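Only one chain is shown below, in structure tokens, and it's the form deposited in one PDB entry.
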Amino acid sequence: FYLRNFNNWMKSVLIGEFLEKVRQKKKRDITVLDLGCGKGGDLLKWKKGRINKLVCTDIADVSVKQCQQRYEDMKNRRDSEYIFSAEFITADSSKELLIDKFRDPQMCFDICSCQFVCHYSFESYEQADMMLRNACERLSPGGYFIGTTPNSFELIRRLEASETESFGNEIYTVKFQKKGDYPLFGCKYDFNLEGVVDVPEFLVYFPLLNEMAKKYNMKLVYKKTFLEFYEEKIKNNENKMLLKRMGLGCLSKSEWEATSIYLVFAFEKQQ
């Protein structure tokens, strides 16, 4: 609950910062790609952002349709006077070109949001490159590719400090297959969060992600650990009060250990 809620706060502040960056130029017709949208847990953040068009895509067809129904549920509120239009696409973004699936092949995006997703595409080089292409190729110049991914530096640091192939606490466990072997692609580990799931992830060496993004003319805006990001954004008072409205003034030490494995990143498309 508290970890989910804290990640929502991180996504709210992150989406909020870059919606305003986009609006500090074009306030009109803001088009967003939500790569790996999941069950639609970001729809209300895009609604509060007052965007115009949202493309939600996920690999699980089940999730895409609950995301589509959740959007239809939202637009039948009385609160949804001008809710964004949306399309919902089932696709493997690490294997399929998404513009093959758009109703408008030539559409452009101001933001691509890829939250807790891109580390599933580092199974191989072509999959990581395909996801970057689906995320960045159709970005308008000056548009943003933002997202959250595990920090490989902090992952390895804790794995070496451990004396087994595992580490964690009562909230989470990370189990690597072998210690001391960290290939750029396919470095598989299992991430278990006590409550939620058990899904295999791949290590993302961020300098590599930074270099591959250059292929689509992306320049790194910033890269922060979850702790660096929290400490910086908590100084803005409306961020601080959003934290208190969401009931996040008291995260456990065990929850900080879990959430401090992650980083946020932002790339911008050049002219």
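Residues that one form lacks are left out of the comparison. Rigid core (definition): largest C-alpha set, two forms, superposition within 1.5 Å. Counting begins at 1, following the sequence as shown.
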item: Entries skipping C118: at least a third of other ones; value: no
item: Flanks modelled, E201 absent in at least a third of other entries; value: no
item: Mean C-alpha B-factor comparison - 211 to 219 and 231 to 239, higher one; value: 231 to 239
item: Given 48 to 56 and 242 to 250, the range whose Cα B-factors average higher in the PDB entry; value: 242 to 250
item: Identity of residue with top Cα B-factor, from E201, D198, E96, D110; value: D198
item: Candidate residues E137, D129, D73, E87, the one whose C-alpha B factor the record puts highest; value: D73
item: Chain-wide C-alpha B factor ranking for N7, given as lowest, middle or highest third; value: lowest
item: CA B-factor placement of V32, once the chain's modelled residues are sorted into thirds; value: lowest
item: Third of chain Cα B-factors occupied by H119; value: middle
item: Ranked C-alpha temperature factor of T225 among modelled chain residues, by third; value: lowest
item: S152 by Cα B-factor - lowest, middle or highest third of the modelled chain; value: lowest
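Keep in mind the form deposited in another entry is missing from the figure; the text below concerns it.
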query	finding
Position that moves between the shown form and the other one after core superposition, taken from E160, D79, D100, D104, with Cα shift of 2 Å or more	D79
Cα separation of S80 and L139 in that other deposited form versus here, shift of 3 Å or more	farther
Shifted regions of at least three residues between the shown form and the other one, judged by C-alpha displacement of 2 Å or more after core alignment	78 to 82, 195 to 197
